[PDB]
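Structure, as C-alpha cells:
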Amino acid sequence: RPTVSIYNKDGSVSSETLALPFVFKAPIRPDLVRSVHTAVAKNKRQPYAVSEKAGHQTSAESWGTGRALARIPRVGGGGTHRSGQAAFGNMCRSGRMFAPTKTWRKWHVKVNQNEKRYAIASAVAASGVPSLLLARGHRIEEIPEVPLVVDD
Amino acid sequence: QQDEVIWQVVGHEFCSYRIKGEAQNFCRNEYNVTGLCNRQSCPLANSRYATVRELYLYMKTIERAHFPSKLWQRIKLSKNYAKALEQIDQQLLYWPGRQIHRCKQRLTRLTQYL
Amino acid sequence: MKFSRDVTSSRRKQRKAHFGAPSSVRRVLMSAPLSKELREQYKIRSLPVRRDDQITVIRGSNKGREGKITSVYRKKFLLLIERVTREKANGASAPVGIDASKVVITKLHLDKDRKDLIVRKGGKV
Amino acid sequence: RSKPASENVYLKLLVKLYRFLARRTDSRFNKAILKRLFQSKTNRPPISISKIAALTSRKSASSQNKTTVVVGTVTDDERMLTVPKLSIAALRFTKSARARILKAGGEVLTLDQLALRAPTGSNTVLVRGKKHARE
Amino acid sequence: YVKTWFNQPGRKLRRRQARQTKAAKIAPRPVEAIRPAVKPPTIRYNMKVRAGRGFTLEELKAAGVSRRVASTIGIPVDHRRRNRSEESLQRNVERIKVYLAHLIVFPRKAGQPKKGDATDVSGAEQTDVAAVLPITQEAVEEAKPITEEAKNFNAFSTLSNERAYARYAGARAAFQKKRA
Amino acid sequence: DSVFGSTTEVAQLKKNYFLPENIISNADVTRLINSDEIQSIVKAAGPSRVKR
Amino acid sequence: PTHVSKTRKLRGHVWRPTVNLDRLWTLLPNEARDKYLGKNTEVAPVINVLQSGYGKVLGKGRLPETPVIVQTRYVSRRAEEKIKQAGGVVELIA
Amino acid sequence: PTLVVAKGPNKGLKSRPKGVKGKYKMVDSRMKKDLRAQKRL
RNA sequence: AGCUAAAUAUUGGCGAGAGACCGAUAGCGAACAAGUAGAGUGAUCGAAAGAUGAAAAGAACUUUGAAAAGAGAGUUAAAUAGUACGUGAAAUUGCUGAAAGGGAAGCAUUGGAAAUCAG
RNA sequence: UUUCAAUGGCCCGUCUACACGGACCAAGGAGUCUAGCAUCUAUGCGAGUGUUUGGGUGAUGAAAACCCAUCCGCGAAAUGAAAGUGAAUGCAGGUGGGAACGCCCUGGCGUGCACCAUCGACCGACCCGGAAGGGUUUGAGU
RNA sequence: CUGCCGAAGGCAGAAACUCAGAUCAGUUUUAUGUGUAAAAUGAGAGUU
RNA sequence: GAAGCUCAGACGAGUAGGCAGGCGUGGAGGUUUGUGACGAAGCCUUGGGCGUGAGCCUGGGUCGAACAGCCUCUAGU
RNA sequence: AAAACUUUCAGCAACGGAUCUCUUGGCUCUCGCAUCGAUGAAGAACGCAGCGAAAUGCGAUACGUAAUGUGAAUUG
C-alpha cells in the first residue's frame, strides 16, 4: 500500500509514515453524495406554520344573491371601517391563506445507514484527492502533501 | 482517484474556474491551455500539461503528483517574444504536440499585452 | 462564538434590551476608554462616563476638541460637553451631542466611590 | 434510447467504453452489453451463483474456462454447500457471493476486466437472470 | 387531532439527565436493581429468558436472605410469582448468590460491621448490574453423538398417535364410562 | 482503518461493515480504450469529420 | 419538491415459521460447517431450529451425507427418512 | 314574491331594500347565466 | 373499604433559547395611544394608521401679503429630506414642445418625411 | 420614435350566435399539505432487508451528527371451509424455438440465457383404494 | 415561454421481444360465385 | 464540454390529451481573491444590444445601503 | 386652409402611495417552572405628577413610602 509521510509542528517531515487507509480508495460518487447530503441537510429544520385560527376569528356571512356585488362573506356590524368588507378567503384582505401551512409537514427524511456510510466513505476519498480540492475552492497550491497528516 | 472520474465530478460542472452564461462556459484555471472546458486542456482532470502566465511556465509530471507543493514546476522567460517561442516549442516537441499552437499563441497575445 | 444558553444572539432581543435598558444599565452601556497615560496609571482600559469628567473627542466633526462633560444625557445615550455647541438659525447655542464611546477620558473625577471602582476592577491607585 | 437513466459516474464510464466497442467492432456481444447497460433494474434481474454454476455444469457442460457474463448483480445462494471453480464478470457482486467465489474457487471481474480479457466476447457465456418474479 | 414528535430529541435528552440526576443522588448503589431470570409465558417465546419484575419468597428463603431485609439491600420481591420447577428455583437462587457475593453493605451508624456488613468499604464504586450479572439466554445444545434408540425412533408417527389419542380422548372417555 | 475498514475485513468500530465494492476497477477508460488489446481487435477506423 | 411538479408548467393552462432442509446447514455458523461438514466424526452436529425461530421443518431440498441431529417440534413426513437416509436422526424437542 | 332589480340606489344592501315590503326577491342580472344552466339541468 | 412518587399530557400562566417562517393589503384583530377609535337596547361586532435627518441643526433676518402663505436668504452632504417629511411607480391631471384630425380610435406590412443612435 | 400614404385588420375571456363578466390602475389572489394504495425511475443492500420506539457518545451550540441492542415489520411456502397437511423422481426432468458465444470450411455445426410454446414429476385440496398405486379435476403452487 | 406527437362522433402513445419476411394494404388484376382463393404496386412488418 | 464533433435526407395546422427543454420570484447550503457610499436595491427613460419567446444585459437621470452570477436544495413562486 | 378643441409622443410639475431597503412586532418549535382568592382574588369604578388627555405605574403614605444594591442624576 502507498505510504504518506508525517509532518511535524515545525513544518518538517518526520521518518514515521502511515500506510494509506482503504477508505481513500472508496468510489467517489458525486451524485450519491449530493442526494444523501440533500436529505441529511433537512434534519436540523424547525417546523413553521401560520396560526390555525388565522383568518377565521372574524364574523362574516355571505350577503346572498342579487346584491349587485360578489357573494364572498362580509363582516357585519357598522360604523367601523371593517364593516361591509369581505372575509374568509385567500383572495380577501386579512383572510386565511390557501392551504394554511401545517406543522406536520414532512420536515425530516430517512436515509439508509448503508447509503449514509457510502456517502461518508466517498467524501473521505474525495478529500484525499488534490484536484477535487482545487475545484472545491481551497487554496492549497503550496500544501506539501494530500492527504495531510500531522503528528499527535 | 483517476483522471476521468476527476473530470466527471470536476471538469463537467463543479469547478472554481467555471463561468457559465447563456450558452457558454470559460476557464479561469491558471493551468489551462485554451481557456475552455475540455479533456485535452484540463490539468486537474488529466495528466501532465504545461501553461504560461505573466512570463513563467508551469509544467507537470505524474510520479510526484501526490505532492502539491512540488507538483507544479516553474521556468522563467524574460528575453524576447521570438526567443520565448523557441523555448516553448522546444520543450513541447517531446511532449504531446496538440496544444503547442495554443500555448504559442498565448505567448504571442500576452507579449502583445506587454 | 457563544457557547452558553443563558445569553442570546438574536438581533431582535439585543436591540430590544439595548433601547429598553433602564438608567442603571445605560450607565454601563455609556462607557468610554481611557487615554494612554491614564491607562498606564490605573491599569484600567475603560471606565463608565460620569459628569464633570475631562474628555477629548476622538471621532466625528469635533475630532480633537477637548473639554469637560456638562451632563450624560442618558436617555439618548448622549454626552454634552462644554463649548462643543452649535450656532442655531437665530444664533443661540445648541449643544452638539457626542456618543460616549467616541470620546477618551483624559482626566477623571476622583471620589471614594470611583476609587473603589478602580481598585475593584483589577486596578491600582 | 441512447443513454442510461442513472446518474452514476461509473455506469457512465462503462457505457462510454462499450459504446466505442460496439460501434468500432463487429461484436454483436458488445451491442448486447450496451443494450443491457441501458436497461433498467426491472429489466436487469439478479442471477444467483447457483444458477450460474448450474448453467456452466449443464448437461454436456463444457464449462472449462469460459467466462460467465451477466449485466446485473450476482447474488449468492446459500442453499448449495459447495462452490465450483467459477469465473464471472458482472456489474456488481454481493459481498457474500464475492467472498464465496474467491475463497473457494476462481475469480470475479468487472466489465472492465471483461473488456480487457475477452473484448469481442470469445469464450464467454452471456447469462441473464430470471425475469418476471413479480410480487 | 394529530400527535407530532418534534420533542423526541428533547425527551431523549431529558430522560438522560434524569438518569444522570438519579445516578448522582444514589451513586453508592447501582442505578438499576437486580432482576430475576424469567421465561416468557407462551409457546412462541418460551425458548427465551428475560428480566422478571422480582424474586419470589421461596427463592429468597432458599438463598438465605429474609424478605424484609431484601428490599433494603436492593433485591426486589414479587409476591405473585411462584416457582413451579426447581430449574427456575436454583436459577434465580444462583442469581441472588452471585449478587450477594459481589455485594458489599456499608455498616450503619459507622460504628462496626454489625453481623452482615463490609469491613473495608473504601473501594466503593458505582457499577451497573448487567456487567456483574449479565442475563443470558437458554443454553444452546452443543454437538452430541448419535443415539441408537432415538435413531430407531421414527418421530412424527408418535405425534400423530398422541394427537389421535387427544382428539378422540372424549370418545373413549365416554366408551369406558358408559360400559363401566 | 479501524473506523472504515477494508473491502474484505470488517471495520472494528462499525459492526458488519465492509467498504463498498466498485462497479469498474481500472476506470481510466482513455488509457483502456487506447490499450493495445482493443486497438488490435477494432476494425479499420472510419474517417472523422469529412468533406462535403 | 414543488418546483419540479406539473403545476409549475400548467401555469397559464387553467405461530409456526418453517424451514426446508436445504437451509438447515445454513443455520449453523461458518465454524460448525467447516468443522463438521464433509468429514467423518463420531460426534454429530445438532441443529436447533427452535432457537433460530422455526416451529416446523419441511421437506424441500437434498442433504449431504454428513449425519446431523435436528431438534424441532414438528417434522415433515418423508423429511424424517431424508435425515435417516442422510445418516442423522430427528430428536424431537419439547 | 315581488320581484325587483338591484341597480343604482339598490346596490350594496345587507337586508330589506328601500321601499319594499312583504315577500321579496331581487335580481342583479348576473344570475341569468346560472339560471339558464339550471333550466337545462 | 382506602393510600401511593416515577415514566405521561400540557392552543392557559411565568420565564427563557431558537427558526430554510411573515416582512406593514404580509405576520396575531392589533409592529402605532388595539380589543383602541367606532357601531348596536343588548348578547356582541371591531378597524385604519410604521420610516425627515447623523444631529431639529424644524428655515434667524428682510420683503409682499389682513392672515395663511410666497419670494429672497439661512441649516444641512442633501430641502430632488421642510413634518401634508426615506425611496415616490401606475391609473388620473396641468403646463411646455412636436405632430395628426371631414361620422370613430386603436394595430400590423412596406417605404418616405422629421428627430436620434450606431458602426 | 412620431407621423403620413397604400393594403389588411369586427372586443377580449366564459358558456352552450346570443347571453354573462369587463370604467381605469397598483397590490393580493386560486391543484396545496398529509395518510394509504398502484405503475415507473433512481440509490443502497441482497435471502435477506429496515438505526432514529430506545440506549450511548456528542461541547462549541448538542433538536444535527456518529455509534450500539433485542423484539418486530415485509420477504424466504403454498393449499384447504376447517382440523390440517404442507414441493427439484428423471444433470432441480425433457422437446422445439431462441440472444450471445465457440468451432470450422455463405452456410453448417455445436451451444443454449431470458422468455415463449410444449412436457413429466412433486406440494396440496377432490375422488378411488387401504403408505404404494390410479385419475388427465383443481391453485396467478415447487 | 418554446418544441415535438396528436385524437375520439373500442382510439394515440410508451415499454418487452419476435422475422430481413411473402408480413401487410380503405388498391387493382387472375380464378371460382359483393364472398373466397392464388399476379401488379407500395410499405419493414409486427405481436402480448 | 463523448453531455461533444461531423455529414445527409425528409418533415413543419393543431383542440382534448401525452412528452421534452428552457425564462423569471422569495429563502437555504457551496462557490465566485464576486459587486457597493468614487453609490447596492428600487424607479423613470424619445438611448444601445441579445434571445423565436418567456426574459436578460446596458447608457443617461433619480436615488440612498445593501446585492448578484454559477451548482445544488426549497416553496405561501 | 392658421388658432381653440380632441388625441398620441417626450420633459417638467401635480395626484396617489406601489416597489426596494429596513423592523423593540407576529407566528411556529423546543426547554424549564407550579404561583389566585373571605389575611379579600380576577375584574370594574374614581382619583394621584409643578405644568397630563391617552399609555404605564400607584392608591389620600396615590406616576408612590420602607429596606437592599448601584453610585451622580431627571430632562420638554
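Could you rank the peptides D:102-109, B:22-29 by their average count of other C-beta atoms within 10 Å per residue, with the highest value first? Present the calculation step by step, with values, prior to reporting the outcome.
Working: D:102-109: 14.9, B:22-29: 12.2.
For the peptides D:102-109, B:22-29, the packing ranking is D:102-109, B:22-29.
Which trypsin sites (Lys or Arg not before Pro) from the range A:1-58 combine a DSSP loop assignment with at most 11 other Cβ atoms within 10 Å? List each step's numbers first, then the result.
On the way: sites: A:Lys9, A:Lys25, A:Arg34, A:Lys42, A:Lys44, A:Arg45, A:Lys53; in loops: A:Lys9, A:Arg45, A:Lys53.
Answer by residue number: A:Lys9, A:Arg45, A:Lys53.
Can you give the mean number of other chain Cβ atoms that lie within 10 Å of the Cβ atoms in peptide E:139-147? Mind dumping the intermediate values first?
Values: counts 1, 5, 8, 4, 12, 6, 6, 10, 4.
Whole-number average of other-chain Cβ neighbours for E:139-147 is 6.
From the phi of every residue in the range D:55-69, what ³J(HN,Hα) in whole Hz does the Karplus formula 6.51 cos²θ - 1.76 cosθ + 1.60 yield, where θ is phi - 60° and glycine or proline is x?
Once rounded to whole Hz, the list reads 5, 5, 8, 9, 6, 5, 6, 6, 5, 6, 10, 5, 7, 8, 10.
Given axes a ≥ b ≥ c from the Cα gyration tensor, I'd like to know whether the range A:1-49 is rounded (a/c under 1.5), prolate (a/b larger than b/c) or oblate. Before the final figure, lay out the partial values.
Values: a/c = 5.44, a/b = 2.17, b/c = 2.50.
Judged from the Cα gyration tensor, the range A:1-49 comes out oblate (a/c at least 1.5, b/c at or above a/b).
Over chain F, with a Gaussian network built from C-alpha contacts below 10 Å, which listed residue (F:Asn26, F:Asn34, F:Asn16) shows the highest mean-square fluctuation?
The residue with the greatest mean-square fluctuation here is F:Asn16.
Please give the helix E:86-102 orientation as an angle from the longest Cα principal axis of chain E, in degrees from 0 to 90, rounded to the nearest 10.
Helix E:86-102 sits at roughly 20 degrees to that axis.
To make sure I understand the rule: partners must be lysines, Cα under 23 Å from the Cα of B:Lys104, and not fewer than 8 residues away in the same chain. Which ones qualify?
B:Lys60, B:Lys76, B:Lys79, B:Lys83
Straight-line reach only, C-alpha to C-alpha below 22 angstrom: list the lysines that C:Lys2 could link to, leaving out same-chain residues fewer than 8 apart.
Counting by Cα, and skipping residues close in sequence, C:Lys2 has these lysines nearby: A:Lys44, C:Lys13, C:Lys16.
Across peptide D:18-30, how many C-beta atoms of other chains are within 10 Å of each residue C-beta, on average? Mind showing how you got there, number by number?
Numbers: counts 0, 0, 5, 4, 0, 2, 9, 4, 3, 2, 0, 0, 0.
What the average comes to for D:18-30 is 2.
Distance between Cα centroids, the range F:12-52 to the range D:17-75: provide it in whole Å.
When both Cα centres are located, 17 Å separates them.
Remind me, relative contact order of chain H in percent, using alpha carbon pairs under 8 angstrom and six or more residues apart?
Details: 26 pairs, mean separation 20.8, N = 41.
Relative contact order, chain H: 51 percent.
Using the alpha-carbon centroid of each, what span in Å lies between the range A:110-152 and the range E:31-53?
49
Using Cα pairs under 8 angstrom and six or more residues apart, how large is the relative contact order of chain D, in percent? Walk me through the numbers before you get to the answer.
Working: 185 pairs, mean separation 33.6, N = 135.
Contact order relative to length: 25 percent.
Tell me what the protein assembly as shown gives for mean residue ellipticity at 222 nm when only DSSP H runs of n ≥ 4 count, each as -39,500 (n - 2.57), the sum divided by the residue total, rounded to 500 deg cm²/dmol.
-8500 deg cm²/dmol
Quick one: Debye curve from the C-alpha atoms of the range B:3-113, no solvent, what's log10 I(q)/I(0) at q = 0.19, 0.20 Å⁻¹?
-1.04, -1.13
May I ask you to list the trypsin sites (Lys or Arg not before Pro) in the range E:112-154 that are in a DSSP loop and have at most 14 other Cβ atoms within 10 Å of their Cβ?
Numbers: sites: E:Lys114, E:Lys115, E:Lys151; in loops: E:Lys114, E:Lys115.
Here the trypsin sites (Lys or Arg not before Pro) that fit, given the DSSP loop and packing criteria, are E:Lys114, E:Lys115.
Within the range B:75-114, what residues put their amide N at less than 16 Å from the label point 7 Å along the Cα-to-Cβ vector of B:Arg64?
B:75-76
To make sure I understand the rule: partners must be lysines, Cα under 24 Å from the Cα of C:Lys36, and not fewer than 8 residues away in the same chain. Which ones qualify?
Filter leaves C:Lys63, C:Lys68, C:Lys102, C:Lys107, C:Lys112, C:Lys115, C:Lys121, C:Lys124.
For A:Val149, put the label point 7 Å out on the Cα→Cβ axis and report which residues of the range B:1-30 keep their amide N under 20 Å from it.
Output list for this probe position: B:1.
Taking chain E as a Gaussian network, Cα atoms linked when under 10 Å apart, which of E:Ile26, E:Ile75, E:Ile104 shows the biggest mean-square fluctuation?
Residue with maximal mean-square fluctuation among E:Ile26, E:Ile75, E:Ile104: E:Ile26.
Could you pull out every residue, at least 5 positions away or on a different chain, whose amide H is within less than 5 Å of the one on C:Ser35? Hs are placed 1.01 Å off N in the peptide plane, and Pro or chain starts have none.
Distant-sequence amide H within range of C:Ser35: C:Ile105.
Check each of the trypsin sites (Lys or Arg not before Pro) in the range G:43-74 and keep only those in coil by DSSP with at most 14 other C-beta atoms within 10 angstrom; list them in order.
Values: sites: G:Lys56, G:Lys60, G:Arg62, G:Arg73; in loops: G:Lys60, G:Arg62, G:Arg73.
Answer in residue order: G:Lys60, G:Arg62.
Using a Förster distance of 25 angstrom, determine the FRET efficiency expected from the C-beta separation of C:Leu78 and C:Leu117, and round it to 0.05. Present the calculation step by step, with values, prior to reporting the outcome.
Numbers: r = 22 Å, r/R0 = 0.89.
In this case the efficiency is close to 0.65.
On C-alpha positions alone, give me the angle between the axis of helix E:169-179 and the longest principal axis of chain E, in degrees, nearest 10.
It is inclined by approximately 60 degrees.
Please give the FRET efficiency for G:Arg78 paired with F:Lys15, using the beta carbon to beta carbon distance and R0 = 35 Å, rounded to the nearest 0.05. Please report the intermediate quantities before stating the final value.
Numbers: r = 41 Å, r/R0 = 1.17.
Calculated value: 0.30.
Under 14 Å from a point placed 7 Å out from the Cα of A:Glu61 along the Cα-to-Cβ direction: which residues of the range H:1-25 have their backbone N that close?
So the set is H:14-16.
Calculate one ³J(HN,Hα) per residue across the range C:79-87 by plugging θ = phi - 60° into the Karplus curve 6.51 cos²θ - 1.76 cosθ + 1.60, and present them in order as whole Hz with x for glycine and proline.
Values per residue, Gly and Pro as x: 10, 10, 10, 4, 6, 8, 10, 10, 7 Hz.
Once phi is turned into ³J(HN,Hα) by the Karplus curve 6.51 cos²θ - 1.76 cosθ + 1.60 with θ = phi - 60°, what whole-Hz value does each residue of the range A:112-126 show in order, with x for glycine and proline?
Rounded to whole hertz, the list is 4, 4, 5, 5, 4, 5, 4, 5, 5, 4, 5, 5, 5, 4, 5.
Could you order the peptides C:82-93, A:76-87, E:55-66 from most to least packed, using the average number of other C-beta atoms within 10 Å per residue? Intermediate values should be presented prior to the final figure.
Details: C:82-93: 10.5, A:76-87: 12.7, E:55-66: 18.1.
Averaged packing, sorted descending, gives the order E:55-66, A:76-87, C:82-93.
Taking the alpha-carbon centroid of each part, what is the distance from the range E:58-106 to the range B:55-114 in angstrom?
Centre-to-centre (Cα) distance: 87 Å.
Only Cα pairs under 8 Å and at least 6 apart count here; give the relative contact order of chain C as a rounded whole percent. Please report the intermediate quantities before stating the final value.
Working: 187 pairs, mean separation 31.8, N = 125.
In percent, rounded to a whole number, it is 25.
Given a Förster distance of 56 angstrom, what is the FRET efficiency for H:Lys14 paired with A:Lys102, based on the Cβ-Cβ distance and rounded to 0.05?
On the way: r = 35 Å, r/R0 = 0.63.
The pair H:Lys14/A:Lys102 has a calculated efficiency of 0.95.
What residues qualify as long-range amide H neighbours of F:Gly5, i.e. H under 5 Å apart, gap of 5 or more or another chain, H built at 1.01 Å from N?
F:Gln12
Every number here is computed from the coordinates shown, using simple stated rules; none is lab data. Because the Cβ atoms are built from the backbone with ideal geometry, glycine has one as well, and the counts that use them run over all protein chains shown.
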